[PDB]
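Novice:
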Amino acid sequence: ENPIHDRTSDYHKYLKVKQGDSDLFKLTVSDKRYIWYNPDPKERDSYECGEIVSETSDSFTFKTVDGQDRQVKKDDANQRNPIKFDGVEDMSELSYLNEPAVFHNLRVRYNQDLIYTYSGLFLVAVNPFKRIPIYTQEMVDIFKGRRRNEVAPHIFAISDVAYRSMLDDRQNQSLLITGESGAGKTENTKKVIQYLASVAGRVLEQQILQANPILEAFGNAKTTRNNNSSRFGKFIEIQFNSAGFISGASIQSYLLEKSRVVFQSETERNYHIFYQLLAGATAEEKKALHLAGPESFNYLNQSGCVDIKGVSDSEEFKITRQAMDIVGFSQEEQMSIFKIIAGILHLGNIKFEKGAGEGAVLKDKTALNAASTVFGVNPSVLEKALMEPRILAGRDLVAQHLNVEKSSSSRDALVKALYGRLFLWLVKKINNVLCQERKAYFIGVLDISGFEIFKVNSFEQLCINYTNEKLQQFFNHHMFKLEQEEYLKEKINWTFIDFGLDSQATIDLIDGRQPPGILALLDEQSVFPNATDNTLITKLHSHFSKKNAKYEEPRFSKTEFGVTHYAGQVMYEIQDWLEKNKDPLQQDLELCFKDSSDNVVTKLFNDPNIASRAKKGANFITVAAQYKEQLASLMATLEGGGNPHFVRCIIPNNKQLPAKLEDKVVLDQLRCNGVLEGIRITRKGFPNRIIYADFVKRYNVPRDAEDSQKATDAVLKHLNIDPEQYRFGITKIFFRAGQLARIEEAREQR
Ligand SMILES: OC[C@H]1O[C@H](O)[C@H](O)[C@@H](O)[C@@H]1O
Ligand SMILES: [Mg+2]
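What follows is the structure in structure tokens.
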């Protein structure tokens, strides 16, 4: 009748704790007390359960699994919770809050394939690495309209709360999904969009859903940490009208890792689309675009990996096209896109060799010709733009003759420019389909590239990790600093707590303007004509080595520097940072391609939104300077809207495998995310607070008395409730954890 109360239901099967049996009940009513302890003290995250057998005034004595006795100061003891709590849906409710206790609860739920658990006001999501049947339309219909208490933890539930808050307060909402690479941010992002598309839907809705398949084909790739890594960040606005139904959507993408098109580490892959087309193209297309297998192209055959376990690139290519068909990309538009993808691969097979002099020559023109043909440009113009670009020397026109290395770098620069502009064009084309009505409100979903560490971390990794560092500070800001400052404002005689979670020092080291940080010193070096990679790291060491605690000059290298992030220390290799920040492209290469006969290619080099570049003084804006501002604008939106809804995505292990929840990996993320601290603030504080005059409004009789703090003093007193669970502020009635949601449902039943 109602699937929630029906133990036969799929909702009870896949989203509720299984019923315990008679044997477990006898354990549950037992009076024995237990403790989480470390059998091996060096391994501080590995725990066993031990029974407390005696206690002194200041310590517990307990029995290990093997039978030996041990003591522990009660101040240092991690008590196990009464097992009745095992599986609790909100860990606010736990009696003992400690790392082994919190981890254990998630383990119990994970083992039953319950990946969602609440931690007070935010949702925790552990990556299952297997399909779970909790995202059907049936499950959507169940969560539709239900308040957070009534239903089990689900991404739908927090999406619904954000949707109801948008309309109850007439304010834009932010759903921010944190996590390191592979933790599940993109999967959950898509579930949020699925839910709101049906709950407030009315082909627009089909098209919204088809956008992300397109961008994942061109923006996602296999890394060592995730087989479907997002190599670009995205803020997605879901837009609604004043009535509350979907009006449209816009996507704001950030920092495509276009360097991946020309280089990939061992075991990795280029962007999916390359493998999709060559695998799934018709015989006409393969000849039209001079295609081959991935082993035939240098951009696809140097990593040693061309396929992903459990993925058919031939089938994904069918999926990719259908999404383009539904969104409205024409047949010749799509063919122009594939011509570009094809041309990039051919450009990469060009082999520059040494000529009679140091200047480079091109003895085989088979790749250049195939590229020129598909792009629709003059091969000899292109050839001369690659190896003989014209520059100005003062005002004089002088033709370079580049060597093999610099000819190869310019060709790479062209390839990364073509791919990044194609990606920006896809986003823009899509936004114009999905945005045809002035919004009334929106819910903005943030899905960034998550924290990652590799053997070699470069400029791209610092920008990625810096963004992850800023979102964590945003979480710290709202849960700890803003929460308490509202308490202080209302004079509830709360004395401040230091939760020891501040990412700001690391943030300032990266992006401070004065004292100038890494990104400022980078910019300075990028416009100085005698600068090199080694004058840059020398400058970074002098400013920060042994002067900033978040910075390390390593003793084992002369090209690496270490940044201590919330998620751990990262060591960055400085090679090529100047060129990556400047993002140069020979103008002769640009001139060649604006004469292209392909209408998509000509748009990528003539549309000023895609092709032109902002000047900050005498030079072009750098990549660092632009992105920093792009992100600052995004942060302004998030802080300007309603309070953010947080989903902390958690990776169970580093092997991308199901049913292996590892203790060290999980507790690392729980500590640096500030989960336990986020629980503590909810328990020790007053999360639910209400304006006096309208508490009576929603629930000597109650309503519109001259002053309601006098009234509610009476309402609560006459009523059956303790006065430690509320506090009288200047303008609000603060409530302790749970009181409001606990009580008013008796008002819902009365
Ligand atoms: O929350 C109380 C419920 O009943 C009433 O109809 C309210 O107006 C509506 O907001 C909700 O459906
Ligand atoms: Mg992702």
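Numbering (the entry's author numbering), first residue to last: 1 to 202, 210 to 706, 712 to 762. Note that the Cβ used here is the ideal one computed from N, Cα and C, for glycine as well.
Pop quiz: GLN480 and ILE514 are said to be a contact at Cβ under 8 Å. What is the actual Cβ separation, rounded to whole angstroms?
Specialist: 6 Å
Novice: What whole-angstrom Cβ distance do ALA330 and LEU298 have, given they're in contact under 8 Å?
Specialist: Contact flag wrong, Cβ pair sits at about 21 Å.
Novice: Between which two residues does the alpha helix (DSSP H) holding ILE245 run?
Specialist: Per DSSP, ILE245 belongs to no alpha helix (DSSP H); it is in the beta strand (DSSP E), 240–247.
Novice: Compute the Euclidean distance between the alpha carbons of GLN676 and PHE487, then round it to the nearest angstrom.
Specialist: 18 Å
Novice: Going by C-alpha distance, which of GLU497, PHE503 and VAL630 is nearest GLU531?
Specialist: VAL630
Novice: Since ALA228 sits in a beta bridge, which residues does DSSP pair it with?
Specialist: DSSP output for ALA228 lists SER236 and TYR278 as bridge partner(s).
Novice: Kindly indicate which three-state DSSP category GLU597 falls into: helix, strand or coil?
Specialist: helix
Novice: Can you give me the C-alpha to C-alpha distance between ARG170 and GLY649, rounded to a whole angstrom?
Specialist: 9 Å
Novice: Could you tell me the alpha carbon to alpha carbon distance between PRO591 and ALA420, rounded to whole angstroms?
Specialist: 7 Å
Novice: Would you call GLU492 buried or exposed, if buried means 16 or more other Cβ atoms sit within 10 Å of its Cβ?
Specialist: exposed
Novice: Looking at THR186 and ligand 2, is the gap between the Cβ and the nearest heavy atom below 6 Å?
Specialist: yes
Novice: Take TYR110 as the anchor and find which of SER119, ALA101, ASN127 and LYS622 has the nearest alpha-carbon.
Specialist: Checking every option, the nearest Cα to that of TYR110 belongs to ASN127.
Novice: Distance check for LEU543 and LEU611, CA to CA, integer angstroms please.
Specialist: 33 Å
Novice: Starting from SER254, trace the beta strand (DSSP E) both ways and give me its first and last residue.
Specialist: 253–261
Novice: Consider the C-beta atom of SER310 and the heavy atoms of ligand 2; say whether any pair is separated by less than 6 Å.
Specialist: no
Novice: What's the C-alpha gap between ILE698 and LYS744?
Specialist: 4 Å
Novice: I'd like to know if the stretch 3–19 and the stretch 121–135 are in contact, where contact means that at least 3 CB-CB pairs between them fall below 8 Å.
Specialist: Short answer: they touch.
Novice: Starting from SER533, follow its DSSP beta bridges and name the residues at the other end.
Specialist: Bridge partners of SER533: none, in fact.
Novice: Helix, strand or coil: which one does DSSP assign to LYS462?
Specialist: Three-state DSSP puts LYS462 in coil, outside helix and strand.
Novice: Expressed to the nearest angstrom, what Euclidean distance is found between the alpha-carbon atoms of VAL434 and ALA256?
Specialist: Cα-Cα distance, rounded: 12 Å.
Novice: Determine the closest residue to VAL654 out of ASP113, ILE326 and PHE122, with distance taken between C-alpha atoms.
Specialist: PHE122
Novice: Identify the continuous alpha helix (DSSP H) that holds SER321 and give its terminal residues.
Specialist: 320–334
Novice: Using only the heavy atoms of ligand 2, determine whether one of them is closer than 6 Å to the beta carbon of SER564.
Specialist: no
Novice: In angstroms, rounded to a whole number, what distance separates the CA positions of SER510 and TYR34?
Specialist: 36 Å
Novice: Pair every Cβ in the stretch 170–189 with every Cβ in the stretch 299–318, then say whether three or more of these pairs are closer than 8 Å.
Specialist: In short, these stretches do not touch, since the Cβ pair count stays below three.
Novice: Just reading off the beta strand (DSSP E) that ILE657 is part of, what are its end residues?
Specialist: DSSP places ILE657 inside the beta strand (DSSP E), whose first and last residues are 652–657.
Novice: With distance defined between alpha-carbon atoms, name the residue in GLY750, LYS18, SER319 and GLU223 nearest to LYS691.
Specialist: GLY750
Novice: If I follow the unbroken beta strand (DSSP E) through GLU43, where does it start and stop?
Specialist: That residue, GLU43, is in no beta strand (DSSP E); it is neither H nor E in DSSP.
Novice: Identify which residue in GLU55, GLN637 and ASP66 has its Cα closest to the Cα of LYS73.
Specialist: Measuring from the Cα of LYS73, the nearest candidate turns out to be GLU55.
Novice: Taking 6 Å as the limit between beta carbons, can you name the residues of its chain near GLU444, skipping five residues before and five after?
Specialist: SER254 and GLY255
Novice: Alpha carbons only, please: which of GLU365, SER92 and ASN472 is nearest the one belonging to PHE239?
Specialist: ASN472
Novice: Should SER95 be counted as a contact of ligand 2 given a C-beta to heavy atom distance under 6 Å?
Specialist: no
Novice: Taking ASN500 as the reference, which of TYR738, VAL607, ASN105 and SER236 has the closest Cα?
Specialist: Nearest C-alpha to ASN500: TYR738.
Novice: Near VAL268, what residues of its chain come up, given a Cβ to Cβ distance below 8 Å and the 5 sequence neighbours on each side ignored?
Specialist: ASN277, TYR278, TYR306, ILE351, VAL422, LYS423 and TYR426
Novice: Start and end of the alpha helix (DSSP H) containing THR61?
Specialist: Where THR61 is concerned, there is no enclosing alpha helix (DSSP H), although the beta strand (DSSP E) it sits in stretches over 59–63.
Novice: For a minimum of 3 consecutive residues, which ranges assigned as the beta strand (DSSP E) are wholly contained in the stretch 482–557?
Specialist: none
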